[PDB]
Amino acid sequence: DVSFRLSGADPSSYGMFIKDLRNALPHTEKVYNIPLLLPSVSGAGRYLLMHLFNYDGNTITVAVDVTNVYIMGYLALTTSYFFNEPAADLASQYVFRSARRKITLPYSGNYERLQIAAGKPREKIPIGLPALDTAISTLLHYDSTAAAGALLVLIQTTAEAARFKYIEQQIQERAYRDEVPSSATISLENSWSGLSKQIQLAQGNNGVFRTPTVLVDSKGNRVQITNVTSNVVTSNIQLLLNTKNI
C-alpha cells in the first residue's frame, strides 16, 4: 500500500508520496527509460490501495488498477464506492470486501462523465493539496454531485501526478493554495494514452512517432511532439500505458 497525510504535508512529503505511488506500479521492461506498465495482472494483485488522510486525520482508501493507474473506487469508513463501469465492478470482487454496503456511483470514471456530473469542466476546478483535503472530506460522506468534483481533484493529484513529473510539480506549487490546472496540465492528461502509444511505436521507427502528438507547453504554447528526444519523453512522462490496453 501507499499512504499520504495532508496534516503536515509540504512539497517534499507530497513528492515522496508520488514516488511511492510510482514505485508500487509494477513493470518488467522500460521503454526509452520509462517504466512500461503491465499488459495485465491477475487477481487482487491488480489493485493498489492508497491510504489518504485529510488534515484532521480522517481517511479513505482508494483502489487503483496497477496496469493503467485508473481509480476504481474507494472505501470511506464502512462503505465502499465504485464507478459505474465493468472494470470497477470487477475490482469490487477483490477490494473492500469487508465494507457494510457497496454503493455504485452514478457515473463511470472518465473525465467527460465526471465533469457533467460535477457541473464544471476541470479547467475551472482548482487543484492542489488543500483541494485534495477537501476531496477526501467530501468523499467521506456520500453526495454523488460533490463526489464527482472531489474525484476530479483526486485523480489529478494522484494518478496524473504519478504519470507526469510536470503535473507533480504543478501540485507541489499548489501545496498551500489551490489553482486551476495549467493548460499544459490538461493537455498532458489528455495525451497520456496517445503519448504512451507513440513512445512504444517509436521502438522500431528509430525513435520517430508514427503520429505526431499535439501538446500545450509550460508557456501555454502549442507544440508538436514528433520523436523521443522531446523533453516530454526524456524528462516528463513517468509511466507508459501498455499498447495492449490501447
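Counting begins at 1, following the sequence as shown. Under this definition, the rigid core comprises the largest set of C-alpha atoms superposing within 1.5 Å between the forms.
- With 212-220 and 183-191 as candidates, the stretch whose CA atoms show the greater average offset from this form in 9 other deposited structures of this protein after a core fit is 212-220.
- For the pair 216-224 and 22-30, the mean B factor over Cα atoms is greater in 216-224.
- Averaged over their C-alpha atoms, the temperature factors of 89-97 and 143-151 are higher for 89-97.
- The residue among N190, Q203, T61, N68 whose C-alpha atom has the highest B-factor in the PDB entry is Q203.
- Taking the PDB entry at face value, the top CA B factor among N110, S80, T158, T138 belongs to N110.
- Among the modelled residues of the chain, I246 sits in the highest third by CA temperature factor in this PDB entry.
- Among the modelled residues of the chain, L48 sits in the middle third by CA temperature factor in this PDB entry.
- The PDB entry assigns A131 a C-alpha temperature factor belonging to the lowest third of its chain's modelled residues.
- Ranked by C-alpha B-factor against the other modelled residues of its chain, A117 falls in the highest third.
- Sorting the modelled residues of the chain by their CA temperature factor places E173 in the middle third.
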